[PDB]
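Q: how would this look folded up:
(chains A, B and C)
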Amino acid sequence: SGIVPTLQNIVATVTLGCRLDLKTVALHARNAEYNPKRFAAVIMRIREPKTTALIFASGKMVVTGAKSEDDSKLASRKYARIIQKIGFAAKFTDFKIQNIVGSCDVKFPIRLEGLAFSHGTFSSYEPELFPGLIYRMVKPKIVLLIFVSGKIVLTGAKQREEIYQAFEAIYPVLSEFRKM
Amino acid sequence: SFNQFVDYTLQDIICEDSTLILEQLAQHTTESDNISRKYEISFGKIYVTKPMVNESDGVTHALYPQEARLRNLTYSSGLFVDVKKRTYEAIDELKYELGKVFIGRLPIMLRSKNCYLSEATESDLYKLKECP
Amino acid sequence: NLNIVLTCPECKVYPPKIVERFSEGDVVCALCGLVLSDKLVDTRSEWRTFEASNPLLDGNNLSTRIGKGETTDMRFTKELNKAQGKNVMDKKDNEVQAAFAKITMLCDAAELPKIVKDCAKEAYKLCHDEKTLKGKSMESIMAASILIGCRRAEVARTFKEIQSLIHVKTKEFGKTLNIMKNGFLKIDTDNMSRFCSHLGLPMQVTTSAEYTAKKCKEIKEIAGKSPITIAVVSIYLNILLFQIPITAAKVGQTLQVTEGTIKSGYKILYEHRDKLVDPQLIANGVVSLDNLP
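A: Residues are numbered from 1 along each chain as shown, chains lettered A, B, ... in the order given. I have put the structure below:
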């Protein structure tokens, strides 16, 4: 294909192994918002790497927004370090990436309804609901959002390799339905 | 006979029982109780179009006796009645206040007032593929 | 094992039609030219209204409902109408029946066609069973049997308008649109009939809107626009170029879109207006005069 999808977002979970007083975290950490009435967790953001963590009373958290596996682990470590610095027996445990999202640009337009009619068992296209075509790939198990513009969204991957393999697999069919 | 029924009889049938009311009187415990209401539904003037037909593709248009006989349709016109919906309310004796609807298709008798062929001249009927 | 055959016997061919005859019957082969039984079964002679039954859900029986003027039911009417009203509580009698009675009330009120109006209600009884991510709301899957029920002809829809009617047009309608696909895409000239009928325009305007919209697409003038939008747009070009015009608020209102949106596609196709019309199109107002928008 000659193109390599760009990783745009990585979601990871981390068990800090120790109960937390969310009310206290929200009070001593900067850039933290806590509104239990709507979500039972403290939302905290940091600038390097630019990410957002969801911290729970159970001591477990979700780190989002990271653009690489390293930034994800690194950011996760900083959040844990803050929880500690606040006064908890937090530890960096069970780090695990749960989802990777990537995007592409094949540069050419795509006749989506032709692609949907051709691959009916994998794609759901109804512009009324959503402008992009939803392609549910089997191997690897990656969901793609194909747009008329040639823009491609790939998600559902746990290894960055799946995004790459998903894109290579779809390129031929994308090319086949190129508007030209 | 038919004309008398369309011009007069029809209205009087809409006006005999006509209006129907439903009253919702509360438990008088405390808010949100202790609220007694009475709702009205009234039927006014009755209208009746010239004969029409509602095709499969939404469009409604006039329908002449010949098209009815060939396409096996019904030579009926629309029945429309003015409806009004009032609302009233009291607390734990004093009732205080808080369009044209389609109701059915009535078949027309040929040569009646409502039929197209009533005010029809001889040459008119012939163009309409009817026999004078 | 059930084997049924009419093979002549004398000259087995394995096998050929033997005739149904006209009067004699018995299906004599045009081969051994022998006989087979006596027939004696007139299928044309079915039980008329004058006993036959066309059941679509399970098997219909009926009970009671006495009204023959011989001896008055009075005491016995209530004896049996209560007794049959007790029995419709034993094994989940309610559900399918409630669904089909409430179904004929919601369709009749909007005057949905019986031939295909009833067809979609069979689809609901197939959808109410099976357990595939229904997130069932009763009203939700009813809007599926309101769409396929209107699929007979564009009787009331213009399905978007009947969607805009009442309650739940959004995410819960999305769950339902998916259930039905589990189709063919939906196009410009798909809602043109209905939209135009509710709009009250003539066959003239319909045809031109329908030719404009197809060329809008054929000319790829509206890249990623929703077909409903394109259609409502084209219907605005067409109508505005005729006598019988309708506004974007009037078109949007029936197409189920928003003026803003209709303006968006309209303005995209306007610059090709000339190449979009029918050719033999009339013109109460000409292209050089069409609203630029």
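
Q: all strands of chain A, in order?
A: All strands of chain A, identified by DSSP state E, fall at A:6-15, A:32-34, A:41-47, A:50-56, A:60-66, A:93-105, A:123-126, A:130-136, A:143-146, A:151-157.

Q: Could you export those to a markdown table, including columns for distance to residue C:129 and mean neighbour count?
A: C-beta: built from backbone N, CA, C; applies to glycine. Formatted as a markdown table, the strands of chain A follow (distance: least, C-beta to C-beta, whole Å; neighbours: other C-beta atoms under 10 Å in any protein chain shown):
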| stretch | distance to residue C:129 | mean neighbour count |
| --- | --- | --- |
| strand A:6-15 | 37 | 19 |
| strand A:32-34 | 46 | 16 |
| strand A:41-47 | 40 | 19 |
| strand A:50-56 | 40 | 20 |
| strand A:60-66 | 39 | 21 |
| strand A:93-105 | 35 | 17 |
| strand A:123-126 | 23 | 20 |
| strand A:130-136 | 25 | 18 |
| strand A:143-146 | 29 | 21 |
| strand A:151-157 | 31 | 21 |
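
Q: As a markdown table, these with distance to chain C would be great.
A: A markdown table is the format used below for these (distance: least, C-beta to the nearest C-beta, whole Å):
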| stretch | distance to chain C |
| --- | --- |
| strand A:6-15 | 21 |
| strand A:32-34 | 27 |
| strand A:41-47 | 25 |
| strand A:50-56 | 24 |
| strand A:60-66 | 24 |
| strand A:93-105 | 15 |
| strand A:123-126 | 7 |
| strand A:130-136 | 6 |
| strand A:143-146 | 11 |
| strand A:151-157 | 11 |
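
Q: so can I have TSV of those showing distance to residue C:166?
A: As requested, these are exported to TSV (distance: least, C-beta to C-beta, whole Å):
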stretch	distance to residue C:166
strand A:6-15	39
strand A:32-34	39
strand A:41-47	38
strand A:50-56	39
strand A:60-66	39
strand A:93-105	38
strand A:123-126	22
strand A:130-136	24
strand A:143-146	32
strand A:151-157	35
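
Q: closest to residue C:113 out of those?
A: Proximity to residue C:113 (C-beta to C-beta) singles out strand A:123-126 among the strands of chain A, at 25.0 Å.

Q: residues making contact with the closest one?
A: The contact list for strand A:123-126 (C-beta atoms under 8 Å, 6 or more residues apart in numbering or on different chains) reads A:112-113, A:115-116, A:133-136, A:146, C:177-178, C:181, C:185-186.

Q: Note down every partner strand of that strand and its orientation.
A: Strand A:123-126 pairs in its sheet with strand A:130-136 (antiparallel), by DSSP bridges.

Q: Dump the partner strand to CSV, restricted to CA.
A: Only the C-alpha atoms of strand A:130-136 are listed here, as CSV (Å, rounded to 0.1, in the frame of the first residue of the first chain):
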residue,chain,number,x,y,z
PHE,A,130,-23.4,8.1,10.4
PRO,A,131,-21.6,9.3,7.3
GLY,A,132,-18.8,6.7,7.5
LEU,A,133,-19.0,3.0,6.6
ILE,A,134,-18.5,0.6,9.5
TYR,A,135,-16.4,-2.4,8.4
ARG,A,136,-16.1,-5.2,11.0
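
Q: burial count for residue C:160?
A: 20 (other C-beta atoms under 10 Å in any protein chain shown).

Q: same deal with residue C:64?
A: 15.

Q: Equivalent analysis for residue A:140, please.
A: 17.

Q: Against chain B, how distant is it?
A: 47 Å (C-beta to the nearest C-beta, to the nearest Å).

Q: Roughly how far does the most centrally placed residue in chain C sit from chain A?
A: The centroid of chain C falls nearest to residue C:151 when counting by C-alpha atoms, centre = their mean (2.7 Å). As defined by C-beta to the nearest C-beta, residue C:151 lies at a distance of 16 Å from chain A.

Q: Spit out the contact partners of that residue.
A: By C-beta under 8 Å, 6+ apart, the contact set of residue C:151 is C:116, C:119-120.

Q: nearest to residue B:111, of those?
A: For the contacts of residue C:151, the nearest to residue B:111 is residue C:116 (36.0 Å; C-beta to C-beta).

Q: before we move on, which element is that closest one in?
A: Using DSSP states H and E, residue C:116 falls within helix C:114-117.

Q: What residues of that helix count as buried?
A: Within helix C:114-117, the residues that count as buried by 16 or more other C-beta atoms under 10 Å in any protein chain shown are C:116-117.

Q: Distance from that helix to the middle of the chain?
A: Chain-centre distance of helix C:114-117: 6 Å, with C-alpha atoms, centre = their mean, to the nearest Å.

Q: which element follows that helix toward the C-terminus?
A: helix C:119-127.

Q: how about that following helix, does it reach chain B?
A: No - figure legend: helix C:119-127 not in contact with chain B (C-beta under 8 Å from any C-beta of the partner chain); closest approach 14.3 Å.

Q: Can you name the next helix or strand after that helix?
A: Taking DSSP H and E, what comes next after helix C:119-127 is helix C:139-142.

Q: can you give me the strands in chain B?
A: Ranges of strands within chain B are B:20-24, B:36-54, B:60-62, B:76-84, B:87-90, B:100-107, based on DSSP E.

Q: Please tabulate the ones you listed in CSV, including the columns mean neighbour count and distance to chain A.
A: Formatted as CSV, those follow (neighbours: other C-beta atoms under 10 Å in any protein chain shown; distance: least, C-beta to the nearest C-beta, whole Å):
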stretch, mean neighbour count, distance to chain A
strand B:20-24, 10, 35
strand B:36-54, 16, 27
strand B:60-62, 12, 28
strand B:76-84, 16, 34
strand B:87-90, 15, 36
strand B:100-107, 12, 30
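
Q: Close to chain B: what parts of the stretch 101-250 of chain C are there?
A: Residues of the stretch 101-250 of chain C lying near chain B (C-beta under 8 Å from any C-beta): C:111, C:113, C:152-156, C:158, C:193-194, C:196-198.

Q: Are any of the residues you listed buried, and if so which?
A: Among these, those buried by neighbour count (16+ other C-beta under 10 Å) are C:113, C:152-156, C:158, C:193-194, C:196-198.

Q: would you turn the contacts of residue C:151 into CSV with distance to chain A?
A: Below are the contacts of residue C:151 laid out as CSV (distance: C-beta to the nearest C-beta, whole Å):
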residue, distance to chain A
C:116, 22
C:119, 22
C:120, 19
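
Q: helices and strands around the helix ranked longest in chain C, which ones?
A: Counting by DSSP state H, the longest helix found in chain C is helix C:203-218. Applying 3 or more C-beta pairs under 8 Å, 6 or more residues apart in numbering or on different chains; DSSP states H and E, one finds that helix C:203-218 makes contact with helix C:192-199, helix C:227-240, helix C:259-269, helix C:273-276.

Q: Buried by neighbour count: which residues of the shortest one qualify?
A: What it means is helix C:273-276. Those would be C:273, C:276, for helix C:273-276 by 16+ other C-beta under 10 Å.

Q: Would you mind listing the outside residues contacting that helix?
A: Residues from elsewhere that reach helix C:273-276 (C-beta under 8 Å, 6+ apart): C:211-212, C:215-216, C:219, C:234, C:237, C:269, C:287, C:290.

Q: Of the residues you listed, keep whichever come out buried.
A: Among the contacts of helix C:273-276, those buried by neighbour count (16+ other C-beta under 10 Å) are C:211-212, C:215-216, C:234, C:237, C:269, C:290.
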